[PDB]
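Both blocks below hold the same protein chain, though in two forms, and each is given as C-alpha cells: structure 1 and structure 2.
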Structure 1
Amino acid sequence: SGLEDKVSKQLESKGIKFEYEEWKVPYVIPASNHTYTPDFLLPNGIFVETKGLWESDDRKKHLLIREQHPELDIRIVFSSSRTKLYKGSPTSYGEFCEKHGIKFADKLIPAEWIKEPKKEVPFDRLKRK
C-alpha cells in the first residue's frame, strides 16, 4: 500500500530496525447460532425454498443444515438453476446441488414432489413463528 510505504520510509529514515509481516497471530472465530426460515412447507413434510440469486453464504447454510438436520427434507426451486455460482464460474446452481444431494427444480414445484408420501417432520426441534 501507499500507507505502508510511508511508514516504512519513516522508520528507515530514523534508523529504526523493524520486522515486516514476519509474524502471524492465530485466533478463532466463535461458532454462532442462527435460524433459517424455509419459504414453504408441504403437507407431505417437504420444505421448499424459492431462490433467484443464490449467494455463497446461502449455499453453505444449506450444506450446514443438511449436516445438522439430516431428517429435514429441504429442496430448492430456482428461477434458473443454470445460473453460475459466480462471475466466471463454470459450475451452476444445479450442478452444486447435484454434488451435494440437494434436490432442486426450476420455476415451480414439480408435480411428483407434491405426491411423495408424507413423512414425519421433527417439529420439536424447530421453532414456530
Structure 2
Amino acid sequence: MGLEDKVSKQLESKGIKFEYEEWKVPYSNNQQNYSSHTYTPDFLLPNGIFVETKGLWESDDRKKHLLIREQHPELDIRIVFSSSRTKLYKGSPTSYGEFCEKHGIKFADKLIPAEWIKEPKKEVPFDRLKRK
C-alpha cells in the first residue's frame, strides 16, 4: 500500500526499529442474527384476546413472550398459569406473576377470568398471522 509503505519508509528513514504486520489483536465480533420463528397461543377468544396456558415457564419461553410483545403491540396475548406464585428459578424471590407485572403482562391462575371473556371486542389482524 502506498500510504502504508510511505509510512514504513518514514520509520526506516528515522532508523526506527518498528514491527510490521507482526502482531494480531484478538476480538470477538458480535453478529446479530435474526432467526424468524412462530408462537401459537392456546386460545383465541371471540373478543380478540389471546390466551396461553402455561404450567412451567422457562426463561426461553419468557424472553420469547417479551419479544412477541415488543414486535406485535397490536396483539393481546395473556397467560393463564397453574401457579403464578411459582418462582422463576428455584430459590429465587421472583415469581411468574411478579415477572409478569414487571413487563406488564396480563395473567391469571388456573382459569381464564370471566372478566377477560366479557371484554369488549377488538379486531385481530389475521392477515398478519399464519394459521396452522
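Here, rigid core means the biggest group of C-alpha atoms that superpose within 1.5 Å across both forms. Residues that one form lacks are left out of the comparison. Counting starts at 1 and follows the sequence of structure 1.
- For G15, a C-alpha deviation of 2 angstroms or more is recorded between structures 1 and 2 after rigid-core alignment.
- In the rigid-core superposition between structures 1 and 2, residue position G88 carries a C-alpha shift of 1.3 Å.
- Relative to the superposed core, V77 has its Cα moved 0.3 Å between structures 1 and 2.
- Shifted segments between structures 1 and 2, defined as at least 3 consecutive common residues whose CA atoms all move 2 Å or more after rigid-core fitting, occur once only, at 2-27.
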